[PDB]
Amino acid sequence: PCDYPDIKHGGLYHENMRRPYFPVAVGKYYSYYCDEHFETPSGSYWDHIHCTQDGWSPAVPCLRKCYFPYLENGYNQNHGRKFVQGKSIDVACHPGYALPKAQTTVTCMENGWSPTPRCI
């Protein structure tokens, strides 16, 4: 029996209606959304969260999505490209520019790009 889902970076649709009926039995499912900069594992802004014998599924309902920014003094072959949490990408700077602290790649983390994709 699953209690109200703590959907980090998301939440339930029809929250007010559904809230008074928790806990829910195994097999129950609800439509949920993801906040700004986040997405469902299916790559959408919404999906269904399921009450399984192992608890709420998906276990990580909302994943960060990082858009590759325009680089002043860098090559823009990846501008307006979407990357999902965990994915990394090489940063190609113009000659005489580099990523700070001798970095070669940026990674999409729960709080955004690490480090910030910038050619100093």
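For clarity, a rigid core is taken as the largest C-alpha set superposing within 1.5 Å between two forms. Throughout, we count residues from 1 along the sequence that is shown.
- So which moves more in 7 other deposited structures of this protein by CA, 70 to 78 or 26 to 34, given a superposition on the core? Comparing 26 to 34 with 70 to 78, the one that moves more in 7 other deposited structures of this protein is 70 to 78.
- Query: Which stretch is more displaced from the shown form in 7 other deposited structures of this protein, 86 to 94 or 57 to 65, with RMS over structures and residues of Cα positions after a rigid core fit?
  - Reply: Evaluated in 7 other deposited structures of this protein, the stretch farther from the shown form is 86 to 94.
- Task: Return whichever of 61 to 69 and 78 to 86 has the greater mean Cα B factor according to the PDB record.
- Result: Per the PDB entry, the higher value belongs to 78 to 86.
- Query: Which has the higher mean CA temperature factor in the PDB entry, 108 to 116 or 12 to 20?
  - Reply: Higher mean C-alpha B-factor: 108 to 116.
- Among modelled residues of the same chain, the CA temperature factor third for residue 27: CA B-factor rank for residue 27: lowest third.
- Message: Splitting the chain's C-alpha B-factors into thirds, which one does residue 34 fall into?
- Response: For residue 34, the deposited C-alpha B-factor lands in the lowest third.
- Query: When the modelled residues of the chain are sorted by Cα temperature factor, does residue 49 land in the lowest, middle or highest third?
  - Reply: Within its chain, residue 49 is a lowest-third residue by C-alpha B-factor, going by the deposited values.
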